[PDB]
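J.: Encoded as structure tokens, here's the structure I'll be asking about.
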Amino acid sequence: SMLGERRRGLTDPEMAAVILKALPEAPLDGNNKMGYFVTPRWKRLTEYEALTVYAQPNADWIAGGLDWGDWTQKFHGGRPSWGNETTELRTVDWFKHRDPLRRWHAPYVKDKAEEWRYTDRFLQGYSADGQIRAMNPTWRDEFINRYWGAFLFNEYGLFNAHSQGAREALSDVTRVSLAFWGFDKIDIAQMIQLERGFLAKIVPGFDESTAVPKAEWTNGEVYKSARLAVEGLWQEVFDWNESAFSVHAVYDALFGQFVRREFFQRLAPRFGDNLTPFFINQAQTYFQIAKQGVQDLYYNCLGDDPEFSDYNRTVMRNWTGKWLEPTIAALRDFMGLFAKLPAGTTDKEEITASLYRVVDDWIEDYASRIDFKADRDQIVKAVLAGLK
Amino acid sequence: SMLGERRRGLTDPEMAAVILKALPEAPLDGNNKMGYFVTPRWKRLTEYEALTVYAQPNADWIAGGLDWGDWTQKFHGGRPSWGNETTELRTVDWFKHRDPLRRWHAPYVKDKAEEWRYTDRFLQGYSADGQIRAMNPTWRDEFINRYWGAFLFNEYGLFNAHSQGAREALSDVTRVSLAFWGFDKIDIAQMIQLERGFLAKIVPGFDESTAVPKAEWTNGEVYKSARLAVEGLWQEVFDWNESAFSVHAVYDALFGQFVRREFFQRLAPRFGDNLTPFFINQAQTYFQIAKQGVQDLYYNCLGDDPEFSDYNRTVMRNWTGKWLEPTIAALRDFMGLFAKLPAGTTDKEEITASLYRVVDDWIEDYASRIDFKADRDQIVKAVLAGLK
Amino acid sequence: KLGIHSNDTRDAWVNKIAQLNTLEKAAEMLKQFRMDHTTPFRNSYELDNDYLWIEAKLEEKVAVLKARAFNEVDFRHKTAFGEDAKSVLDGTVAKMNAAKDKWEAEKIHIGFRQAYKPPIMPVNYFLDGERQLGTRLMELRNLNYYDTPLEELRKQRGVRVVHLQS
Amino acid sequence: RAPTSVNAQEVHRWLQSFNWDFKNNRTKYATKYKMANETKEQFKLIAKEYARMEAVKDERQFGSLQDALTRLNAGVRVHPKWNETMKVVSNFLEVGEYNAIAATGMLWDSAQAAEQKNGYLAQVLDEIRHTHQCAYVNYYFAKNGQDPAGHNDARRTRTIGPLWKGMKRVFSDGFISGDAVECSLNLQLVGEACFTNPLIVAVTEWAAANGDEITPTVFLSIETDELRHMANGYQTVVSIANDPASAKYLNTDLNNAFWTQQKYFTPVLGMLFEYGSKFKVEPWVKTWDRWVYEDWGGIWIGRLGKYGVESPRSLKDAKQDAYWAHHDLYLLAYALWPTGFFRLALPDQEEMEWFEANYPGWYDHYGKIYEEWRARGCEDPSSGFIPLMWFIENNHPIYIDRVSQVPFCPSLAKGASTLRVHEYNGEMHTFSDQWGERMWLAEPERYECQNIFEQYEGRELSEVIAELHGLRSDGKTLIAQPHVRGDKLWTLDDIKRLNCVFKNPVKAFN
Amino acid sequence: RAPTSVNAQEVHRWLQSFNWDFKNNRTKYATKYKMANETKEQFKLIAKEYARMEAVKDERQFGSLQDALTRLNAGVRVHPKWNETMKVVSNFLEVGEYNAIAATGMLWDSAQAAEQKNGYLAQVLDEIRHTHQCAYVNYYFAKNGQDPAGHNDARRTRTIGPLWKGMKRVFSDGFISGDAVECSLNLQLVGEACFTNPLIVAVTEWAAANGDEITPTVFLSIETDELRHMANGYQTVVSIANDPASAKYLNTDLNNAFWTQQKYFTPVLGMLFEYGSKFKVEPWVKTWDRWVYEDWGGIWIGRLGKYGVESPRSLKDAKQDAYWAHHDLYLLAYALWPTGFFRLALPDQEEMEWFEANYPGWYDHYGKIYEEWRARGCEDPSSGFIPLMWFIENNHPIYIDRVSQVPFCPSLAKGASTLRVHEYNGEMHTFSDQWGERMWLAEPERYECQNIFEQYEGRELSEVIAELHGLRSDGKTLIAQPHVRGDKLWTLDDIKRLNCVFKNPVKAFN
Ligand SMILES: [Ca+2]
Ligand SMILES: [Ca+2]
Ligand SMILES: [Ca+2]
Ligand SMILES: [Fe+3]
Ligand SMILES: [Fe+3]
Ligand SMILES: [Fe+3]
Ligand SMILES: [Fe+3]
């Protein structure tokens with residue numbers, strides 16, 4: 001009705017007075033800061049840390065835990081809910097990690113939401129402005145539809161690689177970061193499909209079906225080793241850190257950065273394609289955002305761990321060597337795509353220099369952080385062998 | 001104190017009791033819809049209309065007004081605060097206009113804010129990803145810093161052309177759209193300077209100062225007729241509708257759309273420059289946004305006014321012809337810029353195709369609406385006469 | 001010193017562990033500890049309140065020693081005892097699939113954990129084992145889960161009924 | 001390969017050079033002053049950062065309104081008198097926010113320095129936001145309140161009554177008609193610095209005291225933007241301070257702007273606060289003195305001293321006329337209650353005690369009159385009495401100042417009772433003070449606004465109301481009411497049976 | 001050249017095809033079931049659109065919290081008892097939300113159909129949101145409430161008390177340790193569908209009644225996401241129904257999951273609602289029956305009958321063992337008050353009437369005990385009395401269920417009074433029901449959780465409290481209190497003087 005039937009303690013005269021009467025003269029404690037006991041990474045504790053750190057109920061037998069005792073219910077066999085046994089890496093405290101962008105759920109979906117609505121505005125402006133007229137037909141129907149489209153399966157696979165980590169991560173801060181790295185990958189896979197669906201609306205005859213790109217990924221040659229690597233990283237790795245590390249600090253840093261930045265982002269412009277770079281801008285923004293987190297966890301926290309620094313670097317060095325070979329193969333196969341381009345699009349020198357940019361950025365941003373002795377010319381020469 | 005000293009009627013027992021006792025048993029009118037007397041443009045009255053339509057206190061002597069009598073205070077001389085005498089155009093109702101995007105302040109700043117935050121994120125990824133590495137130094141230090149930067153004054157000039165209209169518009173709906181069209185223009189201009197400021201930060205010898213691009217705009221050959229038309233649309237026009245119509249449905253639709261879309265947007269990519277297209281995507285998203293508003297006002301409302309259909313069209317055809325010449329002139333001069341491009345960048349076959357796109361787009365979106373009969377070949381011909 | 005997170009038992013073991021500076025000695029001590037203090041088959045409950053913590057400290061030492069002693073391939077494919085991890089995993093899954101009943105199955109799964117839990121077997125193979133062994137064990141256990149009466153189930157489990165109030 | 005970006009301040013650094021010189025680069029509006037084109041703005045903003053900071057404020061506000069406040073039924077648990085008062089406060093303020101758009105648009109055109117134009121422009125957008133915010137307040141109370149009528153159609157129902165005319169004078173025409181600088185003085189230097197900035201805050205105070213949590217949510221957010229406009233107003237003076245024309249015209253334009261603004265708000269605001277509420281916050285006399293004499297007339301005007309700005313010469317005169325102004329006006333507003341778009345109430349026992357305690361002499365004059373009207377049945381339909389009849393019976397004219405549009409009654413007022421009547425080329429004019437009188441004598445043509453008695457002359461009351469839609473949804477009950485209770489509401493018929501026909505009071509001098 | 005775009009459904013149409021075939025493309029977790037390769041999902045979301053819909057909800061929520069609710073001092077104007085209840089409710093639910101993150105990541109790994117993985121994924125992201133939302137409630141009450149202690153450090157002070165253990169069983173380990181399908185039943189088919197969805201709503205009611213408007217704002221927002229999780233739970237059953245394993249194990253895993261959840265929430269939710277509130281909304285007795293028996297065990301579950309799902313075989317025992325469960329539990333929680341991170345109160349006179357009125361016989365049992373304890377001075381810090389002593393004096397040992405972790409005193413309970421004590425390989429085990437006993441007997445290695453008596457054995461009470469930081473910022477006063485008044489708060493010294501030393505009750509058996 002008018003006032004409704006339910007009476008509320010905050011506004012109901014009779015109830016509020018009862019409540020007000022029972023209240024103390026002042027707060028029963030002056031420390032009004034939730035998470036006051038958490039060690040601040042920066043000057044002052046952030047909202048990100050307070051709302052996140054120690055949310056995971058780990059006992060002290062899992063580095064950094066504040067609880068005590070065994071789990072209340074374990075798996076048949078005895079496997080604990082969470083345990084040190086789910087990863088080779090060791091640390092003094094699994095809660096030391098901090099996403100440098102301090103992303104908790106609200107800030108995360110806020111930014112992605114902004115990106116979504118602006119993406120919608122961009123496409124409506126792009127279509128209404130008829131910019132599709134100046135795009136090379138071959139680049140559009142052959143390279144975007146088939147090859148860029150096939151790449152969605154690569155990103156999809158890398159997304160799935162995070163499934164076990166979402167379950168096994170040994171701390172809240174690592175779990176949130178991990179979940180967001182994976183969610184950004186599924187988002188890119190979907191944006192690749194979104195572009196294909198948009199083109200199908202503005203270009204008569206363009207088929208948005210994933211059949212062609214999927215066949216390219218599952219049975220083609222250009223992406224064969226890429227697919228073999230993704231399949232391994234995803235389903236053959238049972239260690240959540242080996243997965244997150246090898247994916248972001250090895251495979252995606254070399255293959256992913258080469259394909260997105262040195263191939264599509266670099267050449268689409270040459271064929272009058274400003275559409276694909278719009279989406280690749282998002283993918284690259286996300287890549288750099290994830291890198292900051294990846295670096296803080298594996299290098300600042302684990303690779304520089306006061307007690308396990310040497311150990312962790314030996315393990316990561318091991319994982320780097322294990323995953324660098326399949327990654328090189330993935331790049332080597334992809335070189336086959338350069339032979340498909342119209343003559344004069346690019347040459348061996350441009351292709352070589354671009355390989356070196358990816359390899360040099362990788363050595364600087366990752367390899368060097370654990371003292372992995374990477375030989376840049378040896379890696380590039382191994383890849384160039386794939387040039388037909 | 002914990003409770004504070006100020007008692008609030010909603011929560012204070014005593015006060016709320018008094019309030020509750022004075023309340024009627026049910027609302028005193030079942031018509032809880034504000035703006036219920038406004039004629040809905042769509043199926044149901046929208047929030048955009050409710051909060052905007054009839055905010056302006058016009059009396060019936062200004063087509064559409066609901067008030068009565070003269071203004072309470074006028075200018076020395078007798079000129080009314082608002083009056084029919086500030087524009088040649090006539091109508092049965094100045095409140096008929098509707099922004100197809102239905103933008104009131106909130107949605108407007110929400111969209112621009114998301115764009116600002118994503119813009120910041122993009123530049124952070126771009127810098128971190130080192131994408132500047134693949135950009136042509138000449139195109140940068142010289143077609144972006146000088147010729148794109150100079151175009152900023154063109155957009156800034158069109159921004160100011162809106163000032164008088166922000167004062168003389170004869171209705172809220174027309175005033176709100178006008179303000180937004182101009183605000184978006186100053187935004188574009190500030191984004192141009194933003195890019196140069198960004199380049200300055202990542203390109204060690206790049207000077208952000210507006211000196212170079214300004215002198216090029218104030219004393220160059222490339223934009224001389226460009227600057228001549230602007231200074232005229234801005235300070236020689238005293239009619240708000242002529243200014244708004246001549247700027248968005250004549251000048252910037254031809255000169256503006258060619259420069260932004262057919263030149264920098266079409267050629268920047270060819271120099272490994274995806275940075276500039278990022279900002280041009282905004283200017284174009286903005287252009288097409290403002291476009292639906294311009295069309296609804298001058299064509300849907302006025303151009304097709306139930307009583308002044310013929311009259312208004314005559315004035316707009318007159319206006320189209322009056323400014324079509326200075327616009328065509330601004331283009332010709334701009335053609336001289338192609339000669340400064342490195343050999344092989346583009347050929348007359350391409351520029352001719354792009355010009356026909358701008359002209360045909362203009363004839364399709366504006367020209368044919370008011371029936372001026374424009375000849376695409378003659379226009380393209382007269383413009384093309386500015387290349388050696 | 002009798003604390004929850006810090007006490008004499010824990011300090012004592014930290015010292016014993018600091019004196020394990022050989023992979024073989026350290027790995028052997030970790031397995032022994034697991035047989036003596038973990039699972040419902042542990043040889044004793046004397047360390048019930050600290051064994052979880054002490055075990056993690058022992059694992060740390062074994063991991064560190066193994067990474068220094070093993071080349072890269074062995075670190076990925078050998079157990080700390082020098083066995084081939086894949087053979088062990090397959091050999092154990094083979095036994096699990098031949099398990100006649102749920103009682104034989106629980107012995108295989110539990111024993112596998114006590115002997116090969118990570119710093120001993122590489123995690124990749126170990127969690128692949130958890131995946132396979134856990135599946136069979138459950139399939140055998142959850143079949144007609146309520147048919148056996150508590151009176152008879154207590155006998156099969158072999159507990160000593162101390163007190164029944166109803 | 002550092003993550004890098006560019007903020008507002010870094011782009012704004014080069015904004016002043018955005019404008020360039022050319023023959024016809026000058027204001028399109030008549031003005032006696034010259035704004036220096038080197039003038040700078042206080043806030044270094046660009047379109048995008050501006051949008052972001054405003055968008056964040058919108059989040060909090062609309063979030064509170066749509067969620068918690070609606071769940072608490074905040075739109076209903078408000079005192080009836082205040083629900084009515086907000087129909088006037090929000091909508092009348094809305095027009096000020098709206099005309100301020102055109103005004104700052106005109107000032108944007110007036111400024112020559114790119115930075116000064118940018119400051120004004122930022123206000124153009126703020127005033128658009130404020131227009132929509134004040135609109136949203138009425139919209140929310142219409143949607144969720146105890147009486148939507150008025151809140152739902154004030155944009156047209158406000159034309160019926162006399163109070164609206166004077167609002168248009170200070171917050172519509174005063175903002176846009178005249179020298180760009182005169183307008184800036186009415187809007188920013190006086191209107192905003194002296195009245196609106198304090199007013200908006202005070203409104204949230206009275207609102208809270210009366211159960212209203214909606215208005216505070218919206219108005220406190222509007223308040224956060226007011227600093228930018230104060231600065232705009234201040235920078236206006238600094239821009240013309242070195243022009244000789246300034247020493248010759250500024251102080252006269254300011255005094256006129258001061259008198260213009262206080263002439264309306266002094267009566268009106270004090271009336272809406274004290275008579276449009278149940279729970280009181282502070283006596284208007286105390287409030288007025290603090291706002292006008294101390295804060296503005298003293299502290300604020302003083303900082304403009306170094307620029308040749310002196311206190312309005314009409315200051316003392318404003319203070320003597322103020323004391324009883326709001327009390328005198330409510331008698332007229334209530335007497336003419338049928339011409340409103342809101343429901344009014346006579347003071348209850350507790351309130352009359354509060355008025356006497358704070359205004360010695362109040363009861364013997366206003367108090368006795370109100371009780372006389374109520375016992376006679378001014379609240380009852382069937383009485384056939386509307387206070388306007390009492391004014392006619394006791395021969396107490398009600399005039400409309402030709403300049404300010406403010407209603408005044410010489411013969412009854414406890415405050416100012418001066419009256420000047422003049423004839424000029426076949427037309428009569430009535431003035432209530434010496435300042436407005438000079439304004440008219442000097443600029444005839446700026447003040448030809450027709451008053452309600454002139455337009456409604458000869459018309460029967462119920463017909464003016466019906467014609468202008470002063471009716472609630474049922475088509476018979478009046479939006480306006482002489483009480484705030486849910487029963488015995490007056491209908492178009494109860495008014496018609498009165499046979500009230502409007503007359504031009506000036507014709508009695510004929 | 002018309003403005004065109006692409007939405008979520010348009011892209012989702014092809015999501016199913018994203019997964020491809022390869023030899024090792026299979027779940028990494030042990031499971032008795034096979035999830036259908038072509039299982040679809042109810043809602044067609046993509047990352048981008050999911051973010052937008054959740055972002056819109058956040059704006060409203062945080063807007064209300066930061067703006068209006070803060071202005072209303074809503075953080076303070078809540079009954080003391082409810083401020084304490086929210087320390088437990090929000091923090092305990094927080095952990096359920098958190099473990100649901102790992103739980104749905106495990107289900108995401110299990111599903112082979114891309115659409116079913118995507119369905120679980122959306123929940124992975126929602127449970128992170130919920131974790132942060134529950135954290136925000138404690139964060140807000142700590143920053144703005146009447147007693148921040150506990151709200152500000154529950155993540156570590158919760159480890160002191162016994163109630164926390166049972167919580168980790170049903171909402172932590174129960175969600176992620178076991179067959180993925182068993183986990184799905186604990187989380188979605190039972191957990192959420194049976195308890196959390198109705199619970200979240202019921203908390204907003206109890207909260208509003210006790211002056212708390214902060215929780216309704218956040219929890220009502222949490223509720224809008226639960227529809228999707230319901231569909232995931234339902235979809236889990238569909239995906240495995242056409243598999244032979246299903247008929248063999250589904251009802252057994254469902255029965256176990258039902259008993260697990262029920263065992264803890266039946267007595268705990270009822271206890272927090274009735275004993276942790278001032279104003280009552282509804283007697284738990286009826287709430288439970290409508291929840292578990294009517295809505296879930298009847299409506300919902302019967303809908304899943306076509307997939308082989310049957311009503312839990314232990315449903316009858318749950319109902320019989322439910323009537324006094326929460327009353328039996330509060331006696332223990334209050335008696336062990338020094339082990340918590342919140343303040344508790346004895347039932348006041350008005351409340352005892354309500355209890356007796358709603359649970360005939362309550363006074364003769366619990367009522368009298370509470371009266372005796374206050375007579376013994378349980379509320380007074382100088383009494384040197386703690387209800388635990390009374391349990392010792394009257395030979396009423398308190399045991400901890402080895403499986404569920406729920407505290408029980410069979411000798412002094414009106415509900416279940418069963419007790420089974422077993423010895424196995426040198427360790428004693430105590431069980432309170434025939435269902436958990438079967439769980440342990442069949443799965444010994446799954447339940448080795450040491451109880452508080454085992455861990456605290458031989459320890460003096462004040463020492464455990466000091467070690468686990470159970471103190472307020474002054475470092476003397478206890479966070480936990482036996483009353484909710486603002487004066488006479490027990491200090492660490494008051495407890496030490498008691499010289500209470502823990503002992504494991506099971507060691508008495510030979
Ligand atoms: Ca070359
Ligand atoms: Ca005077
Ligand atoms: Ca014994
Ligand atoms: Fe304003
Ligand atoms: Fe303002
Ligand atoms: Fe949840
Ligand atoms: Fe859920």
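Here, A, B, ... name the chains of the structure tokens in the order displayed, residue numbers run from 1 inside each chain, and ligands are numbered from 1 in the same displayed order.
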Grab me every residue within 10 Å of ligand 6, counting only C-alpha atoms and all ligand atoms, and send it over as an mmCIF file with N, CA, C and O atoms, in the first residue's frame.
T.:
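result_39.cif, freshly written:
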```cif
data_model
loop_
_atom_site.group_PDB
_atom_site.id
_atom_site.type_symbol
_atom_site.label_atom_id
_atom_site.label_comp_id
_atom_site.auth_asym_id
_atom_site.auth_seq_id
_atom_site.Cartn_x
_atom_site.Cartn_y
_atom_site.Cartn_z
ATOM 1 N N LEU E 93 29.654 -16.417 5.389
ATOM 2 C CA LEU E 93 29.146 -16.542 4.029
ATOM 3 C C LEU E 93 30.270 -16.199 3.055
ATOM 4 O O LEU E 93 30.368 -16.785 1.976
ATOM 5 N N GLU E 94 31.129 -15.263 3.451
ATOM 6 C CA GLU E 94 32.245 -14.859 2.614
ATOM 7 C C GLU E 94 33.047 -16.084 2.197
ATOM 8 O O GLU E 94 33.400 -16.231 1.024
ATOM 9 N N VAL E 95 33.318 -16.976 3.145
ATOM 10 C CA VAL E 95 34.106 -18.163 2.833
ATOM 11 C C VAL E 95 33.378 -19.130 1.897
ATOM 12 O O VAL E 95 34.012 -19.824 1.101
ATOM 13 N N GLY E 96 32.055 -19.173 1.995
ATOM 14 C CA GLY E 96 31.280 -20.031 1.114
ATOM 15 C C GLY E 96 31.428 -19.472 -0.288
ATOM 16 O O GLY E 96 31.688 -20.208 -1.243
ATOM 17 N N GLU E 97 31.274 -18.154 -0.407
ATOM 18 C CA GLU E 97 31.413 -17.474 -1.691
ATOM 19 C C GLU E 97 32.800 -17.795 -2.264
ATOM 20 O O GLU E 97 32.940 -18.208 -3.421
ATOM 21 N N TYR E 98 33.828 -17.596 -1.446
ATOM 22 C CA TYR E 98 35.184 -17.849 -1.886
ATOM 23 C C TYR E 98 35.419 -19.272 -2.382
ATOM 24 O O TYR E 98 35.890 -19.459 -3.504
ATOM 25 N N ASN E 99 35.106 -20.271 -1.558
ATOM 26 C CA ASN E 99 35.299 -21.660 -1.974
ATOM 27 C C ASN E 99 34.427 -22.019 -3.172
ATOM 28 O O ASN E 99 34.728 -22.965 -3.894
ATOM 29 N N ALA E 100 33.347 -21.272 -3.382
ATOM 30 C CA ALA E 100 32.482 -21.523 -4.534
ATOM 31 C C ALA E 100 33.270 -21.110 -5.787
ATOM 32 O O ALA E 100 32.997 -21.583 -6.888
ATOM 33 N N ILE E 101 34.252 -20.227 -5.611
ATOM 34 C CA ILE E 101 35.080 -19.800 -6.739
ATOM 35 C C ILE E 101 35.916 -20.990 -7.234
ATOM 36 O O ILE E 101 35.968 -21.269 -8.434
ATOM 37 N N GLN E 123 29.764 -18.282 -12.939
ATOM 38 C CA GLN E 123 29.642 -18.418 -11.496
ATOM 39 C C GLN E 123 31.008 -18.192 -10.840
ATOM 40 O O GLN E 123 31.088 -17.636 -9.742
ATOM 41 N N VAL E 124 32.078 -18.618 -11.508
ATOM 42 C CA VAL E 124 33.423 -18.415 -10.966
ATOM 43 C C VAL E 124 33.604 -16.924 -10.693
ATOM 44 O O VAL E 124 34.094 -16.529 -9.632
ATOM 45 N N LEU E 125 33.196 -16.105 -11.665
ATOM 46 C CA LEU E 125 33.300 -14.654 -11.556
ATOM 47 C C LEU E 125 32.293 -14.073 -10.579
ATOM 48 O O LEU E 125 32.570 -13.066 -9.932
ATOM 49 N N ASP E 126 31.129 -14.699 -10.457
ATOM 50 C CA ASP E 126 30.137 -14.199 -9.518
ATOM 51 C C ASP E 126 30.557 -14.483 -8.085
ATOM 52 O O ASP E 126 30.308 -13.674 -7.191
ATOM 53 N N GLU E 127 31.193 -15.627 -7.855
ATOM 54 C CA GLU E 127 31.581 -15.952 -6.496
ATOM 55 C C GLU E 127 32.752 -15.065 -6.042
ATOM 56 O O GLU E 127 32.947 -14.859 -4.839
ATOM 57 N N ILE E 128 33.517 -14.522 -6.992
ATOM 58 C CA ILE E 128 34.602 -13.607 -6.622
ATOM 59 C C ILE E 128 33.887 -12.313 -6.223
ATOM 60 O O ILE E 128 34.251 -11.671 -5.237
ATOM 61 N N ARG E 129 32.858 -11.940 -6.986
ATOM 62 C CA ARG E 129 32.102 -10.733 -6.685
ATOM 63 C C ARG E 129 31.500 -10.856 -5.294
ATOM 64 O O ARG E 129 31.613 -9.946 -4.476
ATOM 65 N N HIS E 130 30.873 -11.997 -5.028
ATOM 66 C CA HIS E 130 30.234 -12.237 -3.741
ATOM 67 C C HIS E 130 31.218 -12.254 -2.586
ATOM 68 O O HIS E 130 30.901 -11.784 -1.494
ATOM 69 N N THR E 131 32.409 -12.786 -2.819
ATOM 70 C CA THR E 131 33.421 -12.805 -1.774
ATOM 71 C C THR E 131 33.711 -11.364 -1.397
ATOM 72 O O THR E 131 33.712 -11.003 -0.221
ATOM 73 N N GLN E 133 31.818 -8.818 -1.928
ATOM 74 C CA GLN E 133 30.635 -8.151 -1.393
ATOM 75 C C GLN E 133 30.480 -8.433 0.099
ATOM 76 O O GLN E 133 30.198 -7.522 0.880
ATOM 77 N N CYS E 134 30.664 -9.691 0.490
ATOM 78 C CA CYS E 134 30.553 -10.057 1.892
ATOM 79 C C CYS E 134 31.662 -9.352 2.664
ATOM 80 O O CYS E 134 31.458 -8.906 3.786
ATOM 81 N N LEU E 187 27.239 -27.619 -3.256
ATOM 82 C CA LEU E 187 27.173 -26.202 -3.593
ATOM 83 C C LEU E 187 25.879 -25.732 -4.238
ATOM 84 O O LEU E 187 25.176 -24.889 -3.687
ATOM 85 N N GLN E 188 25.560 -26.276 -5.406
ATOM 86 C CA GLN E 188 24.379 -25.830 -6.140
ATOM 87 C C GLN E 188 23.031 -26.515 -5.888
ATOM 88 O O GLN E 188 22.059 -25.846 -5.543
ATOM 89 N N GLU E 192 22.996 -23.849 -2.398
ATOM 90 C CA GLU E 192 22.347 -22.667 -2.903
ATOM 91 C C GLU E 192 20.837 -22.827 -3.071
ATOM 92 O O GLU E 192 20.074 -22.040 -2.516
ATOM 93 N N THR E 196 21.101 -21.260 0.649
ATOM 94 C CA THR E 196 21.587 -19.909 0.378
ATOM 95 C C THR E 196 20.635 -18.920 -0.304
ATOM 96 O O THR E 196 20.587 -17.755 0.079
ATOM 97 N N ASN E 197 19.876 -19.369 -1.296
ATOM 98 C CA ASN E 197 18.948 -18.473 -1.985
ATOM 99 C C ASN E 197 17.879 -17.940 -1.018
ATOM 100 O O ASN E 197 17.638 -16.733 -0.960
ATOM 101 N N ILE E 200 19.824 -15.800 1.924
ATOM 102 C CA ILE E 200 20.232 -14.451 1.554
ATOM 103 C C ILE E 200 19.055 -13.484 1.683
ATOM 104 O O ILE E 200 19.201 -12.381 2.203
ATOM 105 N N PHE E 219 23.295 -7.765 0.022
ATOM 106 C CA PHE E 219 22.727 -9.100 -0.171
ATOM 107 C C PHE E 219 21.634 -9.167 -1.238
ATOM 108 O O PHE E 219 21.541 -10.158 -1.961
ATOM 109 N N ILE E 222 23.476 -9.519 -4.274
ATOM 110 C CA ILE E 222 24.050 -10.855 -4.410
ATOM 111 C C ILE E 222 22.989 -11.806 -4.971
ATOM 112 O O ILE E 222 23.264 -12.623 -5.848
ATOM 113 N N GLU E 223 21.770 -11.675 -4.462
ATOM 114 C CA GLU E 223 20.653 -12.519 -4.867
ATOM 115 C C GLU E 223 20.342 -12.493 -6.370
ATOM 116 O O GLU E 223 19.984 -13.522 -6.936
ATOM 117 N N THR E 224 20.479 -11.337 -7.014
ATOM 118 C CA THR E 224 20.197 -11.230 -8.453
ATOM 119 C C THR E 224 21.078 -12.122 -9.333
ATOM 120 O O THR E 224 20.765 -12.333 -10.501
ATOM 121 N N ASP E 225 22.171 -12.642 -8.775
ATOM 122 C CA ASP E 225 23.100 -13.511 -9.516
ATOM 123 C C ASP E 225 22.804 -14.992 -9.304
ATOM 124 O O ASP E 225 23.238 -15.836 -10.089
ATOM 125 N N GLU E 226 22.076 -15.309 -8.239
ATOM 126 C CA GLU E 226 21.804 -16.703 -7.909
ATOM 127 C C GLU E 226 20.991 -17.515 -8.913
ATOM 128 O O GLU E 226 21.128 -18.735 -8.965
ATOM 129 N N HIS E 229 23.322 -19.616 -11.008
ATOM 130 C CA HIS E 229 23.959 -20.721 -10.304
ATOM 131 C C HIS E 229 22.983 -21.864 -10.129
ATOM 132 O O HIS E 229 23.371 -23.033 -10.117
#
```
J.: Distance limit 8 Å, reference ligand 3, atoms considered: only C-alpha atoms and all ligand atoms. Which residues make the cut? Give them as an NGL selection string.
T.: :E and (507 or 509-510)
J.: Write out the residues from the selection above, keeping N, CA and C atoms, as a PDB file, in the first residue's frame.
T.:
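Now in out_8.pdb:
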```
ATOM      1  N   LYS E 507      38.966 -38.617  26.236  1.00  0.00           N
ATOM      2  CA  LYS E 507      39.996 -39.363  26.963  1.00  0.00           C
ATOM      3  C   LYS E 507      39.477 -40.035  28.229  1.00  0.00           C
ATOM      4  N   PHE E 509      37.037 -42.065  28.238  1.00  0.00           N
ATOM      5  CA  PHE E 509      36.673 -43.419  27.846  1.00  0.00           C
ATOM      6  C   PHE E 509      37.921 -44.295  27.874  1.00  0.00           C
ATOM      7  N   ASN E 510      37.760 -45.526  28.352  1.00  0.00           N
ATOM      8  CA  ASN E 510      38.859 -46.482  28.447  1.00  0.00           C
ATOM      9  C   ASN E 510      38.811 -47.441  27.263  1.00  0.00           C
TER      10      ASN E 510
END
```
